[PDB]
Amino acid sequence: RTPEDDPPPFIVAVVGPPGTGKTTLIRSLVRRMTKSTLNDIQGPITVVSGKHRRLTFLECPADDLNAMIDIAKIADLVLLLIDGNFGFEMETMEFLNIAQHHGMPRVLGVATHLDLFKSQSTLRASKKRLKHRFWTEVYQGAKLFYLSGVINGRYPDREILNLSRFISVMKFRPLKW
Amino acid sequence: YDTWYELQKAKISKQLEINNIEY
Amino acid sequence: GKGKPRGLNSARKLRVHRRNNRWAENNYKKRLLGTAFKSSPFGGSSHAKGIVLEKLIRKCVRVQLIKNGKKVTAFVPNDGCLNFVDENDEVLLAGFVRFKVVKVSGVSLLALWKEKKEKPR
Amino acid sequence: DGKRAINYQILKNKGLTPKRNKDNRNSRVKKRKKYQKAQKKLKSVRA
Amino acid sequence: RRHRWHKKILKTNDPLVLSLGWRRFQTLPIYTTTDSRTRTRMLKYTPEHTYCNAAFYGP
Amino acid sequence: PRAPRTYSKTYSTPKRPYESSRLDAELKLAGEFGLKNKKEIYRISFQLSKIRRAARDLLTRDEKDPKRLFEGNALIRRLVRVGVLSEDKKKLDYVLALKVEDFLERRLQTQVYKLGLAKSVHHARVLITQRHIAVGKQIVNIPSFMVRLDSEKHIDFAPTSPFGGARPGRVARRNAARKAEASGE
Amino acid sequence: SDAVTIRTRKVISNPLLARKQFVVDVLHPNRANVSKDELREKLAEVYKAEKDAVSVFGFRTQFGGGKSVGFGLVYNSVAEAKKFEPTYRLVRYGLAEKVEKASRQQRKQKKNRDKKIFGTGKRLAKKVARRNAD
RNA sequence: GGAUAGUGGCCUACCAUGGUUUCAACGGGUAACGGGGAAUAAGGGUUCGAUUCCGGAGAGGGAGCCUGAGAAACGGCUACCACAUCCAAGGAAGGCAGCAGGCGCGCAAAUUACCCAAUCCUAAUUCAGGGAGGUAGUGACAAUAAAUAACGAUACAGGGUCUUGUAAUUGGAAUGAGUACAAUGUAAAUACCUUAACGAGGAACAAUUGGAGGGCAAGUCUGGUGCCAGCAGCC
Ligand SMILES: Nc1nc2c(ncn2[C@@H]2O[C@H](COP(=O)(O)OP(=O)(O)OP(=O)(O)O)[C@@H](O)[C@H]2O)c(=O)[nH]1
Ligand SMILES: [Mg+2]
């Protein structure tokens, strides 16, 4: 039951803990796909990708569970972001359970705050542990993106390019509801 | 056809395209 | 003495006779024609995907296979996990009622019985 | 801090496993006491 | 069921804020088990690791 | 697009695993020699079977065959140098009559226990595992070292490994610090 | 850190590159390791070596500590010690400065961009300037 | 005789009627690249071998050609077939069975990383280039070795004056999984080997996967549930 002439924009909801930096992620995505830096992001924001695709980004209010549940009910792509140095948090687990029970959308993991690690051994081990916990919660083999720094208020260009490239070729599943 | 899943998907598609073409 | 020839220069007769006679063996024929897996309930597969059609005796369910379309009975181990399958569920079945339920909705039944995972709906 | 940290129950994720002894981690100590009970039985029957 | 990561069990005639469909609302469910497919036995608590039926008023 | 490196399996799981006679025989083996699991017994049995196959193939060969002489002398010399065969048992009829207990006796765990200073095979296992053994002057921490016959007399504690002096370990320093900062004043 | 013993075995004189090649092994029973600059200084004072003409480059510490075996070599008249050594070992000893380039992707992309022009390209630059300016 | 680098029905003009086969010619099938090799065996056999080496063929499918010592070359050219990109609608351009990476189902699986330091290759050439190759990252392919504890004192249970088990009992030793100055390592790193310091009583620094009359081992253990025109009647 999807249109063939003019499909609606896919909704990309970004979900994570409060201070982990989702505004910088949507800012960098919009800047890379429009070559135009935008500030003071609030509400859903619509961007066009390719010749047919459009993505409407929406930031999740982190503290509330109510609009969080509504977002998990509505969203078609969910960029779920986790602090790398801290680890998994309760908001991530709650959103994952709500999404799993209400009809699982396409979940894409991203990990931030990875420049706080002072050793490469701890960084690799923590990346492996987070990836395997994500593979427990989501399907196994699911790929997640590792974000290095926030050096100019935004993420490095290569990781943002791969984020944009993965969601510009992906297809979605017909949910029952 | 060849598979029951394929023929049911084809049935869904053919009623969808009849609805589209009468639209 | 015996039926077979025993000449030094009679390898051709023995080889031709063996080649002719191996066709009357069931294993040889069904392994050369590639039709030995139609006697299996799954076909050529080891697991089969199916639709949970009805809840049956008490432990088993009635599940319709998606490939050929015929409906069989399925064994759900750990009888409480009977309630995980609800209606029209996508299951992956293995042989055991000759069948059993292994993977419901992509995840495994042992990851749900031990509460390791939760069912994606 | 106000960050809701992870829990041990939900991180390692070992649910409904039977509670096993401390000696099931290491096979050497378990086989040690198995052989020790065996030789105690042998010493009890060979008197 | 009681969710496997929720620490405490539920209680009969206590408020629960549940989301169903598009709606999110607070109800007063009553948890019942079955008396082996004979009647509806009223459960005062929620079982720790099994499933119980629940009746509640709503849309 | 390179040369493959060779590898082999060192053990073999038995076809008849849980028959009672071999089960309690290997239980006695792993208890008297302090083995961790059953892979030690299977590995020693694999080595014994390889040696038995070599000895059988050599004994089917004729006497004074240079192949038989060369490989038999090499095998007997190797097993004498390891410490399995006795010095008065240099015949192929005697290596066909070997046993796994000879190989299990020769390992570093028993050979440090049998020389004293360990008082049990499991204390010896822990002592080896915790980086204490000095074979010759080289630190060994592998319990299946299979001590050579000529190297049997050089086993002692390390220049490291505080039982051989040289600055006692961490928990002794912890105890000294606690007795100095609390019991001292 | 009581004392270190420096033993140079398998010494072969190589007049082909005008040097001497050997396997060093050091007995350092206590401290931590070899301290390759300090080891280079003492190996320099061993023969008569004028330290900048000494190169020790391969090292591995024996299991259990105390003993470390590596391969090194000593030149003479440090001019051909600069001539015959690899660049990275010269930089490692402080005898050369690390040159700064772009990464391989940037260099290859620059080469492929310069592959698409014929000549110096000043003609094309003036042509596109007068075309897009007016 | 032509053509070929050259032999040759390779082709052409002429002339004969020959050539293969039940010792299987010819046609068909092959989920058939071949070999070195791999597995199971005591031997014979049987099965596998796309794949680290050698040989062959191909570069979406036919066909043709230039250059050059060497190509019927496709990270060379021309045309046809099928796909398919750009636009101002006139025209231009294309070939991942190279390295990454993506699609091919709405049910999934390595990095669009670093470097020529090693091995070699190319050139006018010690110097430049090399996704060839090496380095690190990544789902337990397969394979090797190996931690998760060791020694005691006290009270009961023992075998009974010298030998063991149990304990919300207790005493000090020893050590690495991790963290980390340093040094080594390396093209620069990561890691390994070494090491100043931190790091253990619930060793919480928290080992798993199955099964129990059999077969080829370990329950003549316990409770609960559906039914009975069986006894009693709500135990
Ligand atoms: N070190 C580090 N800091 C980051 C990273 N990403 C974001 N930050 C910082 O974290 C800060 C907080 O994130 P915000 O920009 O406020 O985005 P937010 O998640 O919506 O937080 P709120 O606006 O308060 O809801 C930012 O100002 C960034 O500077 C990262 O990857 N590494
Ligand atoms: Mg923000």
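Above: the structure in question.
### Things to note about the protein's contact with RNA strand H
Part 1: Surveying the vicinity of RNA strand H reveals 100 residues, the closest of which are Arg25(D), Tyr18(F), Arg131(F), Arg167(F) and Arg60(G).
Part 2: Here RNA strand H approaches the protein such that, of its atoms within 4 Å, sugar and phosphate make up 71%.
Part 3: The contact in question runs from a sugar or linking oxygen of RNA strand H to an N or O atom on the side chain of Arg173(A), over 2.5 Å.
Part 4: Of the residues belonging to the surface near RNA strand H, the class tally is 30 nonpolar, 30 polar and 40 charged.

### Thoughts on the site of ligand 1
Residue and element names in this part refer to chain A.
Part 1: Ligand 1 sits among 14 residues. The nearest are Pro18, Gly21, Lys22, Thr23 and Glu59.
Part 2: For ligand 1, an oxygen atom lies 2.9 Å from a polar atom in the side chain of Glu59.
Part 3: Between ligand 1 and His113, the relevant distance is 3.1 Å, taken from an oxygen atom to a main-chain nitrogen or oxygen of the residue.
Part 4: When isolated, ligand 1 has an accessible area of 640 Å², and the protein chains bury 64% of it.
Part 5: In terms of residue count, the dominant contributor to the shell around ligand 1 is helix α1 (residues 22-34) (3 residues).
Part 6: Each residue belonging to the shell around ligand 1 can be placed in one class, and the counts come to 4 nonpolar, 7 polar and 3 charged.

### What about α1(A)?
Residue and element names in this part refer to chain A.
Part 1: Over its 13 residues, α1 extends 18 Å from the first C-alpha to the last, a length consistent with the 18 Å expected when each residue adds 1.5 Å.
Part 2: Every buried residue of α1 is listed here: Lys22, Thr24, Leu25, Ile26, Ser28, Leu29 and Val30.
Part 3: Against the buried residues of α1 lie β1 (10-15), β3 (53-59), β4 (77-83), β5 (106-112) and α5 (157-167).
Part 4: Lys35 lies just past α1 and shows a positive phi near 55°.

### Section: the arrangement of the chains
Part 1: In this assembly, 9 pairs of chains are in contact, and the pair with the greatest number of contacts comprises chains A and D.
Part 2: There is a gap between chain A and chain F: no contact, and a shortest C-alpha distance of 24 Å.
Part 3: The two units chain E and chain G are non-contacting; their minimal C-alpha-C-alpha distance is 48 Å.

Cut-offs used in this document
Residues numbered from 1 in each chain as written, not as in the entry; some residues may be left out. Chains lettered and ligands numbered in written order. Part of a larger assembly, values for the part shown. Heavy atoms only, no water. Near = heavy atom within 4 Å. Polar contact = N/O pair within 3.5 Å; in protein donor to acceptor, adjacent residues only side chain to side chain. Nonpolar A, V, L, I, M, F, W, Y, C, P; charged D, E, K, R; others polar. Areas by Shrake-Rupley, 256 points an atom, 1.4 Å probe, with all protein chains shown as cover. Helix = DSSP H or I, 4+ residues; strand = E, 2+ residues; numbered from the N terminus. Expected span 1.5 Å × (residues − 1). Buried < 20%, exposed > 50% of the residue type's maximum accessible area, 1.4 Å probe, protein only. Contact = heavy atoms within 4.5 Å.

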